[PDB]
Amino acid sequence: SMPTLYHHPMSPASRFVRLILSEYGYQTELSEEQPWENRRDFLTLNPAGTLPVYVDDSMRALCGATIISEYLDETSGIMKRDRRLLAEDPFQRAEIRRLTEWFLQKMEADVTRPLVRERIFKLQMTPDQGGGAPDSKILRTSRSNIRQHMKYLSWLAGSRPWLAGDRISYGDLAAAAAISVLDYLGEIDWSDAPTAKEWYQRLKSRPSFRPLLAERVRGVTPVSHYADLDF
């Protein structure tokens, strides 16, 4: 029976893993999880409460984007030759990981996690869980950090054929995952960032992206260009 991915639509890490699974042709059951609920069965799988979580028949839960992405390289990626999303060379592997961590950890802390919490999770949450109106001060701080991250992405995109070098990698998927969440929310001004825009257009047009562009969060309407391959 197919494995299960516990995830949330507005989790970049979750989107990143979905991308790797589609690129590599896996079939997966998606199970939407709300970590703030502290669901006991979910915490038994992953006591850290983080997303996503990949579980096959063995019931051995693989916890988080990094662990899952490494596992998928070890058990599939090594076969893929030209289509391998993590290289063989240790320095190239290090660069692909550096970019994955930039977008899923650094930009996530600076911008995406707090912004998603204020704008998405705080709608879905009950008052007791921390639900309520968005905090304007957190929104300011997160937003003030965006323009510098978009400037870096533009630079990477303009200077190499893909973010890590000469082929598509986990680095591109991780950036695209994160950008897709911010873009859903209309938080990116693309008029600033023409080089990043060209790069994002290429990612968002891949078949693996289609389920992300079709996806909708209830009570939050995406920005009008969100699903557009020409935006």
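Residue numbers here begin at 1 and follow the sequence given.
* Asked: Comparing 1-9 with 220-228, which stretch shows the greater average C-alpha B-factor in the deposited entry?
  -> The stretch with the larger average C-alpha B-factor is 220-228.
* Check the entry's C-alpha temperature factors for 192-200 and 61-69, then say which stretch has the higher mean. => If you average the C-alpha B-factors of 192-200 and of 61-69, the larger mean comes out for 192-200.
* To do: Compare the CA B factors listed in the entry for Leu115, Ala87, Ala133, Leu104 and report the winner.
  => That would be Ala133.
* Asked: From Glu108, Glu74, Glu95, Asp82, which pick has the Cα B-factor that tops the rest in the entry?
  -> So the option with the highest C-alpha B-factor is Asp82.
* Asked: Is the Cα B-factor recorded for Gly186 in the lowest, middle or highest third of its chain?
  -> Highest third - that is where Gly186 ends up once the chain's C-alpha B-factors are sorted.
* Asked: What third of its chain, lowest, middle or highest, does the C-alpha temperature factor of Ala157 fall into?
  -> CA B-factor rank for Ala157: middle third.
* What third of its chain's C-alpha B-factors does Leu212 belong to: lowest, middle or highest? -> Middle third by C-alpha B-factor.
* Hey, what third does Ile120 fall into on Cα B-factor, ranked over its chain? -> Tercile = middle for this residue's CA B-factor.
* Looking at the C-alpha B-factor of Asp166, is it in the lowest, middle or highest third of its chain? -> Ranked within chain, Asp166 CA B lands in the highest tercile.
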